[PDB]
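One structure is given here, and the rest of the page talks about it.
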Amino acid sequence: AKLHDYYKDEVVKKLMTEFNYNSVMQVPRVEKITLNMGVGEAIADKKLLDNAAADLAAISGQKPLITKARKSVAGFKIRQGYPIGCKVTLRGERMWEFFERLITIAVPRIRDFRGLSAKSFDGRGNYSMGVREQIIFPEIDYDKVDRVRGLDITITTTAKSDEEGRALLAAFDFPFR
Amino acid sequence: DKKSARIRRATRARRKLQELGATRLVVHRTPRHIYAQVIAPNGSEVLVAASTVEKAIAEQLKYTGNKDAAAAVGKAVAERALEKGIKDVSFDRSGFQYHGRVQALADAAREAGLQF
Amino acid sequence: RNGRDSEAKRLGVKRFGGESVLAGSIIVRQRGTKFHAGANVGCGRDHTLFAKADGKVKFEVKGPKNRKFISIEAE
Amino acid sequence: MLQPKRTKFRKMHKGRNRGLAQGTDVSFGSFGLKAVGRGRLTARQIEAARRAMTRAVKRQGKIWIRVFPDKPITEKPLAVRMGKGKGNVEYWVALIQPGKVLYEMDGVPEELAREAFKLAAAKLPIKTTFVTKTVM
Amino acid sequence: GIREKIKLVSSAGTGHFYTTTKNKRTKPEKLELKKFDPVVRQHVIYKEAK
RNA sequence: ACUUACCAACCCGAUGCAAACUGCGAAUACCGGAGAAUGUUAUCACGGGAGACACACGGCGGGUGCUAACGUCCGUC
RNA sequence: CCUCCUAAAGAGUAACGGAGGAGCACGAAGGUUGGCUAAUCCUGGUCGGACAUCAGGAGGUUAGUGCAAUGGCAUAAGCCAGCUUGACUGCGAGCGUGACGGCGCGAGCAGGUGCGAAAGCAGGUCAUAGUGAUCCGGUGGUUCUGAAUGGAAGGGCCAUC
RNA sequence: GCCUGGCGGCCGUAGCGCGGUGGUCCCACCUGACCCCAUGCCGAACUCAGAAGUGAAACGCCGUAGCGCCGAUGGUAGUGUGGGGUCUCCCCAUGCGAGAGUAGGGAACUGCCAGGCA
Ligand SMILES: [Mg+2]
Ligand SMILES: [Mg+2]
Ligand SMILES: [Mg+2]
Ligand SMILES: [Mg+2]
Ligand SMILES: [Mg+2]
Ligand SMILES: [Mg+2]
Ligand SMILES: [Mg+2]
Ligand SMILES: [Mg+2]
Ligand SMILES: [Mg+2]
Ligand SMILES: [Mg+2]
Ligand SMILES: [Mg+2]
């Protein structure tokens, strides 16, 4: 919501000038945020994953996408077709709205917050952090839990380098140790 | 790959209209404009065309690139086609769905007397 | 352990270049589209190319893959 | 005793051994042993010539073997009649054509190298000849 | 092999039947398909799977 | 975690091999068309009568065997 | 019976030659419309291991094909979904392959259907294996025949076992 | 005449790559999404309504032989016919003659219709 307009009004100015760009559309703009939960253990019982799918759907507005395994890997006894995950891809408003619901409301709730990394930037300008317990996000109630499954988040961008990739998130109050 | 994706999506119908030896009314669509050519079976020569990037029919449109602009181009190209003597053609959506602007263009040419 | 074989299928080209075929005439018996069908050539279920028109067999290489095509030119 | 680690098929047709060789120039060393004649070189033969090479030269220089016995040869054992399937692989040969460099050597003078190959050549069933590296 | 031969029987009272095969252990329901009957010369629902 | 006289794939450069390898590729042979000379229609079709279906050596190309056999199995002359 | 090699660049071609498969499966894994495009490695990321899932990148089919191998396959024949029964009936120009029996390919026609806005596609499945002559019977259909005549029996014909 | 777009021919001397370059128009991203239609989540794609903004991405054009690609001449190999030998392999006469490679080329060419600046 605000971070769309605060991106336009404020964050673009900071990046437009401190990277000495020559056109507005050069400025790295967030395209999508993907929330993923490699479910793993759930290959025994189907229910373990659907508890995790509803877990994903409370964090975000929209409902998730029960993935498959694409192939067979006997190292964890899986096969082409059996679900081994679930995800969401957030774009437009819910993307930004999630971004406020995370940076300002969940990012303030870590066990011994020591800062945050700046090396999980993927080498082409996309950040991903992954957390360890579902409850950190507000819409997961602390009492309605059955097992502690974290997830993985990936802020993808129209950036090129991890350099300006940092510049964008650094100009969003995003934590960096 | 949005460009190439459409061209590969259009190939089977296009290649099939070659083998059937049928003049095909091609349609090109852009977020602004809409286009239409009646192309001979060799694929290498237009007979008749109409489009919103003109002036003869673009002043009569609120915005080029809507279902009513398409209808104009659709009604236009059929009229131009029926002067030259061209009545039986095959529609080539060229990888766009037959849903809105294309369906508008194709539905108008039908009423104007093009057999498809 | 090594004494079996299949009866031979008599595949390959039956009508060569410039050969005047009637419609229906099989031109190639093949496994797959080693040759593809061109003008007035049909591709059957077993992928054999046959003539749809009376005329002259014409082999040609066409397209961005340099695929081998067969057509009948009406004489 | 050289042999393929794995092969696509166990048994190979007899084939024929026509033509001039490929691998006709010295490519890795200064000196080499070149075949003049034609015929099969068995793996035992290649190891024996190599054994004699490396002893005529004592820990001196480097030796390359340019041939590989990749062709399996079969033999019906004694007292088997004709037929009843193809025989069992008994040894591995390299087919040799006139011109093939068989071994190469550097790190030693020529004169020691002429002597090393002469001893190795006595182990082989093919006429050979000493040869040197050539520029362009 | 496993799969067993069946006759698909015309509902048009003609007596005309097709023949095909079915796996009975899997898909144990009655195969119902619309098929051309050449006595009344129409497409017609056929019904049987043994 | 430090190293390791052992080992080390992928990639790069160089060197070869292949009946069941081919990003190349002949000569020949085969199909078809045209044209001339040439040849006792040498061609095809239908019909009457058959015999024959143990082959052999040689050359070429090969399998098999030992590129052994006046050996064995194909192709072609 | 199928595939490759032997097999000598048309076909065909033998050995107690070399190597592998088949005796099925499928009412969807078939038809059609619409849509999509792999393997593998790299970088980074919760439980994560060298390999689950996510994102990008390089890669360009080094994958995939219900099952061998070969030839094919991006206009995909490969993955997904929607609607469906053309896995239609009668025929069939003409070809191919066979000593024959036979096997195979097949536009197009008639009738009726499905998909699709339409052009069109569909007479089973990417193809090539997945099979068994005749006799004797069985079942259903069909008033063809019906040993004086009317019927019936049996026979024939069509479909199938 | 120059620029753009659509359709083709041709199918790498046509491709990748690299460096530069273009926004009147066209094209691209782009803005928004009650309704049409859509996501096995997502207006990302499909799609409809639009035109503030940018030519960043893409695309196109221009340039540059790092690569791919094309590619002689000559020789080499093989081979039909005939002949011959020291015959598991070769040679001779004649005809056909590669592949690899070398020099070298090479930053496609061309058509139809449309539009736009001149
Ligand atoms: Mg006999
Ligand atoms: Mg005999
Ligand atoms: Mg004989
Ligand atoms: Mg004999
Ligand atoms: Mg052959
Ligand atoms: Mg031959
Ligand atoms: Mg019909
Ligand atoms: Mg199949
Ligand atoms: Mg009866
Ligand atoms: Mg009586
Ligand atoms: Mg009676």
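Here, A, B, ... name the chains of the structure tokens in the order displayed, residue numbers run from 1 inside each chain, and ligands are numbered from 1 in the same displayed order.
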DSSP alpha helix (DSSP H) residues within chain B, listed as a PyMOL selection string: chain B and resi 2-19+67-84+101-111
All strand (DSSP E or B) residues (DSSP, backbone) inside chain D, as an MDAnalysis selection string: chainID D and resid 31:35 39:42 62:65 71:75 88:96 101:106 128:132
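Candidate residues B:78, B:17, B:27, B:71 were compared for distance to residue 95 (chain B), and the nearest is B:27, using only C-alpha atoms.
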Test item: residues no farther than 10 Å from ligand 5, counting only C-alpha atoms (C1' of nucleotides) and all ligand atoms, as a list in words: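 Result of the 10 Å neighbour search around ligand 5: residues 8, 10, 11 and 12 of chain C; 7, 8, 9, 10, 11, 12 and 13 of chain G.
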Residues within 6 Å of region 123-129 of chain A, only C-alpha atoms (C1' of nucleotides), excluding chain neighbours under 5 positions, as a list in words: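 Everything that qualifies: residues 153, 154, 155, 156, 157, 159, 160, 161, 162 and 165 of chain A; 45 of chain G.
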Distance filter 9 Å around ligand 2, atoms: only C-alpha atoms (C1' of nucleotides) and all ligand atoms, out as a PyMOL selection string: chain F and resi 53-55
Exercise answer, chain E residues close to chain G, 9 Å and only C-alpha atoms (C1' of nucleotides), as number ranges by chain: E: 1, 3, 7, 14-20, 22, 31-38, 41-43
Protein and nucleic residues near ligand 3, 12 Å, only C-alpha atoms (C1' of nucleotides) and all ligand atoms, as a list in words: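 The residues within 12 Å of ligand 3, counting only C-alpha atoms (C1' of nucleotides) and all ligand atoms, are residues 54, 55, 56, 57, 72, 73, 74 and 75 of chain F; 14 of chain G.
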Shell of 10 Å around residue 67 (chain C), only C-alpha atoms (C1' of nucleotides), local chain residues under 3 positions omitted, as a VMD selection string: chain C and resid 33 to 36 60 to 64
For the residues in the current selection, export C-alpha atoms as a short mmCIF file (atom, residue, chain, number, x, y, z; two decimals), in the first residue's frame.
```
data_model
loop_
_atom_site.label_atom_id
_atom_site.label_comp_id
_atom_site.auth_asym_id
_atom_site.auth_seq_id
_atom_site.Cartn_x
_atom_site.Cartn_y
_atom_site.Cartn_z
CA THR C 33 9.10 -38.44 -40.38
CA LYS C 34 12.52 -38.90 -41.90
CA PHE C 35 10.80 -37.24 -44.83
CA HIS C 36 7.92 -34.85 -44.22
CA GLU C 60 13.14 -30.81 -51.65
CA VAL C 61 14.81 -29.44 -48.56
CA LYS C 62 12.86 -26.65 -46.91
CA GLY C 63 12.52 -24.74 -43.70
CA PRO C 64 14.75 -23.63 -40.86
#
```
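When only C-alpha atoms are used to compute distances to chain B, the closest of the residues C:41, C:13, C:21, C:27 turns out to be C:41.
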Which of F:31, F:70, F:52, F:77 sits closest to residue 17 (chain C) [using only C-alpha atoms (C1' of nucleotides)]: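 Using only C-alpha atoms (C1' of nucleotides), the shortest distance to residue 17 (chain C) belongs to F:31.
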